[PDB]
Amino acid sequence: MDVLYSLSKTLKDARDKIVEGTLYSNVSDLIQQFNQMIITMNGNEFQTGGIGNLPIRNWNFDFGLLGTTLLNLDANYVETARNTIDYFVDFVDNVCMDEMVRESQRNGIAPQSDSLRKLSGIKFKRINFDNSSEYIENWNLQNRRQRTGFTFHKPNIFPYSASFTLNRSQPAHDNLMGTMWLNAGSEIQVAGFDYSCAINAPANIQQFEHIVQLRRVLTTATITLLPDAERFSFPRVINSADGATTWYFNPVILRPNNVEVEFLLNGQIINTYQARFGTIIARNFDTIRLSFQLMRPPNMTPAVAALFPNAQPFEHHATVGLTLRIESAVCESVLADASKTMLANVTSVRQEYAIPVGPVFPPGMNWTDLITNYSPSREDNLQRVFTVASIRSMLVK
Amino acid sequence: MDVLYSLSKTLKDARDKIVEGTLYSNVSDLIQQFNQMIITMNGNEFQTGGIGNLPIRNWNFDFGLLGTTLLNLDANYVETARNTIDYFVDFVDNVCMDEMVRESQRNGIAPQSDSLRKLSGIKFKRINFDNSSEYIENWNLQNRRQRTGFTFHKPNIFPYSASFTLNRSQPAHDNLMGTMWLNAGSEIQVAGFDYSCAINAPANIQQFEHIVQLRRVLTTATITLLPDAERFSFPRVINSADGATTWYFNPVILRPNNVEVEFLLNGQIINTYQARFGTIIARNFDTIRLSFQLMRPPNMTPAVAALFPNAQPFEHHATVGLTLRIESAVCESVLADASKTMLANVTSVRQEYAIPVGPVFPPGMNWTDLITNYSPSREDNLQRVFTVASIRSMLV
Amino acid sequence: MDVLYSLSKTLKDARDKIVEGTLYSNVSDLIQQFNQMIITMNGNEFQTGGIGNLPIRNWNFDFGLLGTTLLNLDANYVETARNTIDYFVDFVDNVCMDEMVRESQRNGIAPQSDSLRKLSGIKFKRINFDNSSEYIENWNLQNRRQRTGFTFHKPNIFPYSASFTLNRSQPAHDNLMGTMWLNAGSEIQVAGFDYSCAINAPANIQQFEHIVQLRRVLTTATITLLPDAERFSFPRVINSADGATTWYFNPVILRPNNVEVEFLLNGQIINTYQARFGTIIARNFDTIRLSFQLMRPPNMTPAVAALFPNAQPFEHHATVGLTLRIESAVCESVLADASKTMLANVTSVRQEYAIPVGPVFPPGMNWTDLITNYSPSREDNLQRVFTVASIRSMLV
Amino acid sequence: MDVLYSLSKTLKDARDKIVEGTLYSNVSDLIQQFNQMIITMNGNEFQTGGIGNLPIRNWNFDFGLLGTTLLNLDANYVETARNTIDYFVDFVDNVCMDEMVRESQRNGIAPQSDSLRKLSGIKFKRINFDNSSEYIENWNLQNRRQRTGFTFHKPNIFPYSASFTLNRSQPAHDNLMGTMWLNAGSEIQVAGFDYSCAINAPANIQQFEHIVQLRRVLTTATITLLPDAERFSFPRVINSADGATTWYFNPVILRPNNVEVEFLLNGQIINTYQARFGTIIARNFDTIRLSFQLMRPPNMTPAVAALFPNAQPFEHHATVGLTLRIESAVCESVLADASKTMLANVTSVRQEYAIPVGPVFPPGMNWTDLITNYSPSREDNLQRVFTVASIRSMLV
Amino acid sequence: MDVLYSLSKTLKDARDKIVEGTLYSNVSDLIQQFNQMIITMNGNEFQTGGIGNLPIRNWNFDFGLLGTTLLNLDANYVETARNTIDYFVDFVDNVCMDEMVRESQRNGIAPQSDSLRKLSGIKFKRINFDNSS
Amino acid sequence: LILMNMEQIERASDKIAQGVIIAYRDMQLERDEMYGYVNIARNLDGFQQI
Ligand SMILES: [Cl-]
Ligand SMILES: [Cl-]
Ligand SMILES: [Zn+2]
Ligand SMILES: [Zn+2]
Ligand SMILES: [Zn+2]
Ligand SMILES: [Zn+2]
Ligand SMILES: [Zn+2]
């Protein structure tokens, strides 16, 4: 991995810095690194791709070194370097693709393609130079088992789930008390509804609770909490839990009461936020507990009093929402997020060449299935393929 | 941890091999390693801590080397070696005990005692030699980000739980349909009971399902599947879910029908066994799903037909049971089992010295609470203490 | 097999002993053996895996020797050694897997994979060194036709069989005399039942006999014998022999009378225990003959006398039991057992790569079918694959 | 004993390491030890005696030394080594058998056979080398009055006893209160029964106590506790204490109440567990006290209330069980256990050669009698024969 | 601040670039900067913490310089460098944490922690290099 | 034998010392039976080693 990353880094630096007219002093160390790469790779045969529709490519390296007698780089020098760089970049792209489409249940963090296995030999370790990208840095820290960190803008931590819970219900579904939520990506929208508006409640308070368990621990998380849940604030016809019938949801939104956001780690309260809306910080947590109350307004204007009668039928149903958005976070594990393209790249390569379903990843790289059952073996394989994808993105993209 | 294990192994080898009359060639490398250990430890002061009732102990090392110029070891050599070996063994045992009674939340895999942190310095890396035991081998492999596993005979993977689910019930508890189970250690006994014997069930079949979610993945597991649960095969008086009243269970055991045992990983079926009993192999799984059916016997002799009337009262309740015993398995993580003494050693050391309850482990190192909430921090601390306990076992 | 084991053993020693800071005297012999292995393997091409979903792997060996000049091992030495060790360990694991998934009816003891066939050449015999594991030791003894020995904790010698025999029966199944048993794994639970409680039996004694013929001879066996068979001690609705109906069994457990457990070899009584319960020793046997009796209690209290009338209907059925557990034994043949993982390893490897059913083993490596028809060809193939699996478990 | 163990270890190492093609550097120290053994034994005449049917055997040692001038061992070297190894292995096996069949009241720890007494002379102490086995380690420790330790999986600590105690009884045996237990091997099943279901008991609580005294102190024991005892959960017809009559038991299982398991050392409570079942640790104990209560359920459904009337007749009898299984433990004394074969080996050797009963051991090496009256002389003789059995099992 | 940033960036470049098998020409300038930092920091005593539950920590620097290799770095070089890099990273993290938890109504832009105030002395300006973030 | 006794043989020499600590604080001269007052260091603890 470090050797493949170093190949890609050397090639990207060569493309960026070996340009017409530049001082040789601007590239001397880069030229030495490039020639070291050429020397190490010369005389070696590689084979990439025998899986799915990925073609078998055979790679031979017999290249001359770049010169060192120039004081400024001229056109012919740059063109020869570009020819060598093009061949090397094609090779690196193919090796990355071959590694991205493979998975192992045993040693998923280890190389799977034979090209990367060959690059894992001692003779190629000479190619290794600056490992400064975030993914390769995390890779090297994880190899030594140091505290890793991946920063995610809008981390894709919640598998998609649109469901509801009925605490009070009956076959007519005209007097319902419960909660409906969407946990999708980096967002949780929850809404507690009471059809009676807590008329017969103990002091006219109806308590609602929602627990979201993260499959991985998040640290240094910026989170926006907004009082209302726009997703569950319009008329809906919702299937019953068994799907036997459908019920009606005609919400009228009241502000939530005694809002309490609890960020917990291993069932211990790390952060608590009471009646606080806007941006909050959850420093280290794996569970979110949102508790909020529907409080019947003691004083109502004639229209409001007309909304909520003393008994059934209840035509307007009192609803209190909550929206939670994780804007940014840090996780010790790789995740899909809004800003990066690692998952997109891996899925695109796997779909482009019709890679058969393997024993590790879900049947098509579906992220909901992956994050739902984010097992250690899956974590290893995902980190490996994501690091390879980031390496490839330095050159192919 | 590798240096502590190396000290322990050097001392164990010295005890085993430095014996009167033995050829020096039988111990030459051992004596070289022993002298290396003495040289590396000489001039260093160590302190084993005062946590709990464990006394503060101070350790000094100013030992001379062992001779290397005899053809056969004699009594003088063995006595001289034993004098140093006793002190070193006492020091290693105290360091192991000090490390065993400590825990951390942020970094539970790192050394916790000052002695083991001092031994992790570069200056002691010379003591390190053969790391061959299963626990130290796993420790080194895991520090290398390498796939490694602990092999358990009768792994203690199931937190103790004796519970039931009533899918059909009433306040008088006389027409009940549901499941009873005990998940304990490496054993699962489950039983589906129907009081009506599926008299009014579609096709006269009642379906029961029991899912056990293992807290860690097990691999290459040998399992005994038997078609009856003797734990739920005799009359019982059982509390209700809220404990308000007690109900009566009077099983009559029928053969379970359409027995399907699925071993699943990430929700995908890895192994499936239909109507198979005896030894089965679950190669890699984290969940067990037992589906079975109570099938009303289409033909019944008069004695049988008497037991199952068309309606209530139901005095004989039809029950079908399964028993699943995990004889052996492999786990990435550490677990208590019937063969190894790591949990017992750690618990004994913590109990003897009145170690207060820490922020990681439950009080008394109780295994049910520990395995119920097997968090990553708990796993790290538990592997650390288990490795230290195995190291201590070589000498104590 | 000896060369493959030697490769695995050398690699395990390298992983456990080539560690940073260790004295070179701790590894000198190991370094010599490792360099010999490198020299022997250099310049050779191997191919593993063309069966099932096992991928085709090509192996080329071009490695430098390890240094012999350091006093203590440092980071550079360990890194070079680790790279070579990783490649060799992967090769050994793949060779073991390739050998484990193959079988032969003719020469199943001989190597099946081409890689192991190549390793059996003279040019690799130099790699061979210490063969200390029990499985390789037994392999070598078997090659010379010396007496082999495999020690098993809870040997899996009885194929699963839950059946019954009715010596007296009628269509209504209300006056039955017979036996019902479970012979599973290492346990035999057998119960003889009489519905009349030997009211008309001569001397009010009913004799029950159960003979279990082991497929292989067991020696130095420790057996727990308990008077009662709890598995057949509760009410039970049991299918008829042809499955055309079900009968009722309402046991009341009387202690067995004149218990005689004989352990027979070639039909001759090697051991015999009369009314002995607890731990007994069977030194050499291939058959277990459990003969017991239901003796009608000559003196009964009013409740007991109420259980057993003078004639039908018989609502309570007198049952005597026997439980026999083989805790440990020694066999000249390989067997599955609770403590080892050879059967699990072979079955897992065959299931993971979807190895088609061959001409030797049952589909899925079903142990009950394997031990039911434990033929010499099956024995040879099973010993081969179990030895390869033990070799593989040293590294994987 | 250490010289005999060293002979066996040298022979085992020679069998394992002296293989064709191996580097001489892999065996140099082993070859030196082997040649030293040959020199020491050469010219000595031994006789393994004719106690019982064991044949008298005469042993003469005139063997040439193994060569030291090869780079790799070849077939000539291996054959020359193997002839001597075979003869020496036969001699060691016969010496071990001679020692295992012998005992004495006075000095049972000392050698009994003439051959082992001869090997205890100083002129054989040169043979002594690595004493790494658990049994030989403990033998050397005990010869020095040091703290010994044997790790047992399922130790056979409880002598077999299926007994009952009736704290309330009468000739009819229709209103009984008491306890019945099976203490076998590592398992204690106990069950307290009340026929009246504590209708007239104070507070409707019936207290049951079971004290089991271990004949040796167990340390670092992991124990599984389970609420119910399946062995006393089915209807039985149990003989009376005098055997004059039989009474009837028809249990209905209630959960035990206020369960207290105390592990005591010299009457001092070392460990206490209240209402905890899953898995517990007893760090150091010699007595187990199981206290458990039958509590009449204050609220009953109509069926449960039907089970338990206000007065006689009592047809359903309320029973509260308890199962206690020692999975593994540590003992300073040797014990039979489910994993080792020492007891089996000694019993087999004594049975096969018709050794007459001696003053120390009970006839047939019956383990129940042995552990019931585990005297110091019995402990010494048993440790001697078990160590010899472990030595013999290294080669046979 | 610029000196603290330069320490942190020197350590980041040391972690990223001092890797086994890399050409010594890939790190020559970085090694020179790192050795200059070692020279400037050696013999200085620093204290962090003492506010809230942030522990009081004492930092001493008595490290030797990173050496040179003819062509490529080996494993020994990387471990020897990593010991020093780990200590310096711990020190920098502690200094940053000490500075983050402090505030001042007057001169809020100026360093508030004693360690950062000491790092603003002239003697440490030598450590200052590329300020590119 | 020579390797394990090297340090002892070297430290027995009367014409070479094993090092010199430059500590710019004033340290009391040790009182040694072989010298009287002597600026002798028993070990190098507390000093950077070059
Ligand atoms: Cl956005
Ligand atoms: Cl067991
Ligand atoms: Zn509904
Ligand atoms: Zn209920
Ligand atoms: Zn066992
Ligand atoms: Zn029938
Ligand atoms: Zn009685």
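What counts and what doesn't
Per the conventions used, each chain is numbered from 1 along its written sequence, independently of whether this matches the entry, and residues without coordinates are not displayed. Following the order in which they are written, the chains are lettered starting with A and the ligands numbered starting with 1. Note that the displayed chains come from a larger assembly and that each value is computed for the displayed part only. Side-chain metrics rest on all non-hydrogen atoms present in the structure, leaving aside hydrogens and water. The axes used here are C-alpha line fits, helices contributing only the stretch in contact, and every angle between their N-to-C directions lies in the interval 0 to 180 degrees. Every helix listed is a DSSP run of H or I at least four residues long, and every strand listed is a run of E at least two residues long, numbered separately from the N terminus. Any angle between 65 and 115 degrees counts as roughly perpendicular, while under 35 counts as roughly parallel, over 145 as roughly antiparallel, and the rest as oblique. In a left-handed crossing the near helix is turned counterclockwise from the far helix by less than a right angle, and in a right-handed crossing that turn is clockwise. The contact rule is simple, with two residues in contact once any of their heavy atoms fall within 4.5 Å. Polar here means any residue outside two lists: the nonpolar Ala, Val, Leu, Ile, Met, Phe, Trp, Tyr, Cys and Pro, and the charged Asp, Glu, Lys and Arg; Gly therefore counts as polar. UniProt positions are given in the numbering used here, feature names are shortened, and annotations may be inferred rather than shown by experiment. Residue burial is assigned from relative accessible area. The probe radius is 1.4 Å, only protein chains are included, and a residue is buried under 20% of its type maximum, exposed over 50%, and partly exposed in between. A helix is expected to reach a length of 1.5 Å times the quantity of its residues less one. Once two parts are put together, the accessible area they lose, assessed with a 1.4 Å probe and summed over both, is termed the buried area. Salt bridges are identified by distance alone: a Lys or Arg side-chain nitrogen within 4 Å of an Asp or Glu carboxyl oxygen. Distance and chemistry together define a polar contact, namely a pair of N or O atoms within 3.5 Å, with one atom able to donate a hydrogen and the other to accept it when in protein, and with adjacent residues in sequence counting only for side-chain atoms on both sides. Paired strands are those between which DSSP finds at least two bridges. We line the copies up by least squares, and the atoms we fit are the C-alpha atoms.

**Student:** What is the right way to look at the packing of helix α2 (residues 28–41) of chain A against helix α3 (residues 75–100) of chain A in this model?
**Tutor:** How two helices sit against one another is set out by the angle between their axes and by the gap between those axes. Residue and element names in this part refer to chain A. At a minimum axis distance of 13 Å, the contact between α2 and α3 shows a crossing angle of 50°. Between α2 and α3, the angle is such that the two are oblique. Pair α2 / α3 crosses with left-handed handedness. Counting all contacts with α2, which are made through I31, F34, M37, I38 and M41, the residues of α3 involved are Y77, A81, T84, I85, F88 and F91. Each residue belonging to the contact of α2 with α3 can be placed in one class, and the counts come to 10 nonpolar, one polar and no charged.

**Student:** Whenever I open this one, the UniProt feature "binding site: Ca(2+)" in chain A confuses me. Can you help?
**Tutor:** With numbering matched to this structure, UniProt assigns "binding site: Ca(2+)" to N266(A) and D286(A). Judged by maximum C-alpha separation, these annotated positions cover 21 residues in sequence but sit close together in space, the widest gap being only 7.2 Å. When you line up the elements, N266(A) lands in the loop between β11 (257–264) and β12 (269–274). Beyond its immediate sequence surroundings of up to four residues, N266(A) is in contact with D286(A), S375(B) and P376(B). By the secondary structure assignment, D286(A) is in strand β13 (residues 278–295). Overall, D286(A) belongs to the buried group, its relative accessible area being 12%. Excluding its chain neighbours within four sequence positions, the residues that come into contact with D286(A) are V212(A), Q213(A), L214(A), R216(A), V217(A), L264(A), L265(A) and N266(A).

**Student:** Before we go on, may I ask you to explain helix α2 (residues 28–41) of chain B in this structure?
**Tutor:** Side chains three or four residues apart in an α-helix point the same way, a direct result of the helix having 3.6 residues per turn. Between its terminal C-alpha atoms α2(B) stretches 20 Å, which fits the 20 Å expected from 14 residues at 1.5 Å a residue. Judged by how many residues are buried, α2(B) sits mostly within the fold: 10 of 14 residues are covered. Buried residues of α2(B): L30(B), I31(B), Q33(B), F34(B), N35(B), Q36(B), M37(B), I38(B), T40(B) and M41(B), and no others. Elements in contact with the buried residues of α2(B): α1 (2–17), β1 (45–48), α3 (75–100) and α4 (114–119) of chain B together with α1 (2–11) of chain F. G43(B), located one to two residues past α2(B), shows a positive phi value of around 80°.

**Student:** Please explain the interface of chain C and chain B as it appears in this structure.
**Tutor:** Where the parts come together, the accessible area they lose is often given as the size of the interface. Listed per partner, the contact involves 49 residues of chain C and 51 residues of chain B. Between chain C and chain B, the buried area comes to about 4200 Å², and carbon and sulfur atoms account for 50% of it. Ranking the residues of chain C by area buried against chain B places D16(C), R231(C) and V237(C) at the top, with a combined share of 13%. Counting every contact that joins chain C to chain B gives five salt bridges. Notably, a salt bridge pairs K125(B) with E20(C), separated by 2.7 Å at the nearest N-O pair. On inspection of chain C and its partner chain B, the count reaches 20 residue pairs in polar contact. Broken down by secondary-structure element, the contributors of at least two residues to the side of chain C that touches chain B are α1 (2–17), α3 (75–100), β5 (177–185), β8 (236–239), β9 (246–249), α7 (342–352) and α8 (367–372) of chain C. Strand direction decides the pairing type here: strand β10 (residues 251–254) of chain B and β8(C), joined by two bridges, are parallel. Counterpart to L254(B) in the pairing with β8(C) is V237(C).

**Student:** I'm lost on the pattern of salt bridges in this one. Help?
**Tutor:** When the charged atoms of two side chains with opposite charge come close together, those side chains can pair. Residue and element names in this part refer to chain C. The full count for this structure, using the stated rule, is 82 salt bridges over all chains. Measuring nitrogen to oxygen at the nearest pair gives 3.9 Å for the salt bridge that ties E79 to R82. Taken together, the residues span about one helical turn, with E79 and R82 both in helix α3 at a distance of three residues. Residue class for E79 comes out partly exposed when judged on its relative accessible area of 27%. One salt bridge in this structure joins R392 and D93, with 2.6 Å as the shortest N-O distance. Placement of the pair is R392 in helix α9 (residues 376–393) and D93 in helix α3, with a sequence separation of 299 residues. Judged by its relative accessible area of 12%, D93 falls in the buried class.

**Student:** Got a minute to help me understand unusual backbone geometry in this structure?
**Tutor:** Keep in mind that most residues, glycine aside, have a negative phi and that most peptide bonds are trans. Cis geometry is found at the peptide bond from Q312(A) to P313(A), where omega equals 5°. Tracing the backbone shows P313(A) in the loop between α6 (302–307) and β14 (317–331). In this chain, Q312(D) is followed by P313(D) through a cis amide linkage whose omega measures 5°. In this fold, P313(D) is placed in the loop between α6 (302–307) and β14 (317–331). Of note in the backbone geometry, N258(D) takes a positive phi value of approximately 50° without being a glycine. Structurally, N258(D) is set in strand β11 (residues 257–265).

**Student:** What am I meant to see in the relation of the copies chain C and chain B here?
**Tutor:** There are two copies of the chain, and a rotation about an axis plus a shift along that axis relates them. Superposition of chain C onto chain B requires a rotation of 119° combined with a translation of 0.1 Å along the rotation axis, giving an RMSD of 0.3 Å. Taken together, the rotation and translation relating the two chain copies correspond to the operation of a three-fold axis. For chain C, the minimum C-alpha distance to the rotation axis belongs to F234(C) and amounts to 3.7 Å. Comparing interface residues between copies, only 6% of those in chain C also sit at the interface in chain B, which points to a heterologous contact through distinct surfaces.

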